[PDB]
C-alpha cells in the first residue's frame, strides 16, 4: 500500500553500484543503503560500514549460526549476506531500504516477508560487461572469468517471468539512471506522503 524496500541485482560489473550511489546521493532523504556483510578484501576507496561490513570468514560464519542474516550466499569464493540489523537500520531512519544482492540473494529474498521491488541492471551485451569489468580491474583474471560465467547465468535468468519487476539495460549511465528514477516514482511518491 505504501513504500516498500528495493532489491537491485544483476551481473557483476553491470553498473548496479554506480546507479545506486547516484540514487542515494540525489535522494538522501528517501533511500537508505543496506550495508551487507562480505568476506572479500576491500577494494581501493571502499569504506567499512558503508559499502559493506568487511569481516573475516570466521566472523561471518559465526554470525550465520547466530541468525544475524536474513539471507546469505557464496559468490566468487567469498561470502556475502544481508544482516537483519542492516535492514532495520534503514527502517529506523524512515527510509526505503535499497539492497544490492546477487541472483541467489534475490531468490532468498523472495522467501522473506520484506516484499521488495526487484530491479535488474543489465549490460547491452556480455562483451560490453567484460570490457567494463576489465576497466574496473578490481578482480583477478580467474575471478573475472568466473564473474563473467555467473553473469551469463544471471543474464538468462533475468528473463524469468515474475522474477524481476523492472529490467534496466545499462548502456548509457544517464539513460539507465533516468529509467531507475521512473520505475521508483511510485516508491518515492509513497515515501513522500
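Heads up, when I say rigid core I mean the largest set of C-alphas that superpose within 1.5 Å between the two forms. Residue numbers count along the first chain shown, from 1.
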Comparing 52-60 to 27-35 by root mean square Cα deviation from the shown form in 6 other deposited structures of this protein, core aligned, the larger deviation is found at 52-60
Comparing 163-171 with 144-152, larger root-mean-square C-alpha distance from this form in 6 other deposited structures of this protein, core superposed, belongs to 144-152
Higher avg CA temperature factor (32-40 vs 142-150, as deposited) belongs to 142-150
With B-factors read from the PDB entry, the higher C-alpha mean of 83-91 and 107-115 is in 107-115
Here the Cα B-factor of residue 56, set against its chain, lands in the third termed lowest
Among the modelled residues of its chain, the C-alpha B-factor of residue 25 falls in the third labelled highest
Sorting the chain's modelled residues by C-alpha B-factor and splitting them into thirds places residue 166 in the lowest
Assert third(CA B-factor, residue 17) within chain per record equals lowest
Residue 98: CA temperature factor from the record, placed by chain third, in the lowest
